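Starting off, we have a lone chain in the form deposited in one PDB entry, written out as structure tokens.
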């Protein structure tokens, strides 16, 4: 071993890298994370960290020769997709900024990012209403397709001068613990979604896969300390695996748009769109709406 190692073994750069509220293993060949692990709680998703102040940038800890850069993404047709989302880190502006390091980012379909994937992210945060602790591992996959001659082929686009790999699919593994002293079994689910637009017809359980199947697809072992001889419940049986429906999600998005409205006309438009979609505003929308109206009336 000494003779072989005389000038060192090759370095793969796969070591776990830690940040304020997430950790990841980076793929230096694909210029994306292999996996990103985070922990979510009630208190971490509250706070005044503001995603509007964050900017994407290369992770300063990655050797530049293996980093992606914003030039790889901008104008590629793909969005910069967070694996650990900014919204899980309202409690810390530093933790949020670190999710904008490109080590946390994959090329993601714009509609998937702002649609189905966002709804899954929101469900992960919703779980903290019912579980004290939630762990999530997120990452990309490049899965095979069978072509006309029966051969199975893995095909993926690489974008930019740095050849950043565009995944065919994205995965989440969700682990939830009711409390730190409860004897209730842990709840786990694994999900794989295609990196494309997905509407409201498929329920999250349609994308659920067995943990063992995802490990075989990804070449990873998730939560290895987790005792798999003990009883672990399917998260979609003990919990809901119910994403926000069109009305709830549209109301959510419309409420968010209030805070960026720069004129009274934009506000009324937001209201009229909601009314034309036959969605009634809830008390929270009306609170934010009326406060924004008064704010805009008091500004130049």
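For the two forms, the rigid core is made up of the largest set of C-alpha atoms that agree within 1.5 Å on superposition. Numbering follows the first chain given and starts at 1.
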{"item": "Per the entry, higher mean C-alpha B factor between 192-200 and 91-99", "value": "91-99"}
{"item": "Which of 29-37 and 240-248 has higher mean CA B factor, as the PDB entry lists it", "value": "240-248"}
{"item": "Selection from 227, 126, 149, 111 [criterion: highest C-alpha temperature factor in the record]", "value": "227"}
{"item": "Third of the chain, ranked by Cα B-factor, where residue 24 sits", "value": "lowest"}
{"item": "Cα B factor band for residue 62 (lowest, middle or highest third within the chain)", "value": "middle"}
{"item": "B-factor third for the C-alpha atom of residue 10 within its chain", "value": "lowest"}
{"item": "For residue 68, the third of its chain into which the C-alpha B factor falls", "value": "lowest"}
{"item": "Chain-wide C-alpha B factor ranking for residue 154, given as lowest, middle or highest third", "value": "lowest"}
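Same protein, other form: the form deposited in another entry, not shown, and the subject of what follows.
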| property | result |
| --- | --- |
| From 44, 233, 30, 266, residue displaced between this form and the one not shown - CA threshold 2 Å or more, rigid core | 266 |
| Exceeds or equals 2 Å, Cα of residue 16 between this form and the one not shown, core fit | no |
| Core-superposed comparison between this form and the one not shown, residue 57 Cα displacement 2 Å or beyond | no |
| Flag for residue 275, CA shift 2 Å or larger between this form and the one not shown after aligning core | yes |
| Cα-Cα shift for residue 244 and residue 285, closer or farther in that other deposited form, minimum 3 Å | farther |
| Distance direction in that other deposited form for the C-alpha atoms of residue 268 and residue 118, relative to the displayed form (3 angstroms or more) | closer |
